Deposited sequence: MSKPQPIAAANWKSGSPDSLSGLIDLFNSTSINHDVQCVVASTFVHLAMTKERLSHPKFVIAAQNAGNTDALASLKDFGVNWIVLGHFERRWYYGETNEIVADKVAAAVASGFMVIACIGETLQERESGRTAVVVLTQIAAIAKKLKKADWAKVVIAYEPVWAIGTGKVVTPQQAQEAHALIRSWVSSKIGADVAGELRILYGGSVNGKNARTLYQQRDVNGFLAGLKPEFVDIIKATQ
């Protein structure tokens, strides 16, 4: 928890009132807040959201013209590799790596998601899946490019499964990720990198989760409690 933390929120499907709430939220400490949405709702979010610590993110780019369109529309952040895209639409490690590389090359700050399934965890293959995913990403980048990159660990194994995650487990995953980047990219890059927890999280357990080293913030859902999640990054 040393570099500047990030609190990001993903609005998947009213937004009006939530933007008001955030606009009137006071934030004493340094933290980069992010609001990701789908294309349909980028517009309302750009029109309405105005909080100094907040930027807008996109969720998906089909092609490179979409990246340029977004860039033109004044959107500089994007979220990629999120589970629904890997597991629902079969975006391979390589497809994601390319999107990330494309995004970075086009001037984006990228939040790149990784995470293993329940089968994968239960079979003991957390580290190989997670590290295989991030290795794919890295393969398409240079050391300099890591300045524009954020990692979000999604505990996919705790989605639709009734399972819950302990902070020890979240820490372990983040730690492992950090270790890889340190040893394969550089300790300096690893020190600056932000790895966010993208599992379900409320105000209460978010503070305790942020207390772990190696957790640098959250990828969460856009909801009223996001306010508490932001607060939890002191």
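Counting the deposited sequence from 1, the stretches lacking C-alpha coordinates are 1, 15-18.
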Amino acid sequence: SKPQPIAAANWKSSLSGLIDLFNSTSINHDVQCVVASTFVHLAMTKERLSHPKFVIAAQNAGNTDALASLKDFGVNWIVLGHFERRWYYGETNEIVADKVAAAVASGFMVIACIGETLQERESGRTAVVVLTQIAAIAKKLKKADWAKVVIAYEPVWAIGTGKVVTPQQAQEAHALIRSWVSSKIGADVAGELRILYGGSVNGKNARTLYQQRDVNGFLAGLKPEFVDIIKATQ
From here on, numbers count along this sequence of modelled residues.
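On average the C-alpha atoms of 198-206 have higher B-factors than those of the other stretch, with 198-206 and 183-191 being the two compared. For the pair 211-219 and 17-25, the mean B factor over Cα atoms is greater in 211-219. Which of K148, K142, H82, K99 has the largest Cα B-factor in the deposited entry comes down to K142. The entry assigns its greatest Cα B factor, within the set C33, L70, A57, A175, to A57. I159: CA B factor in the middle third of modelled residues in this chain (values from the PDB entry).
The entry lists a Cα temperature factor for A61 that places it in the highest third of the chain's modelled residues. Sort the modelled residues of the chain by CA B factor and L49 lands in the middle third. Compared with the other modelled residues of the chain, the Cα B-factor recorded for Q168 ranks in the middle third. Among the modelled residues of its chain, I78 has a C-alpha B-factor that falls in the lowest third according to the deposited record.
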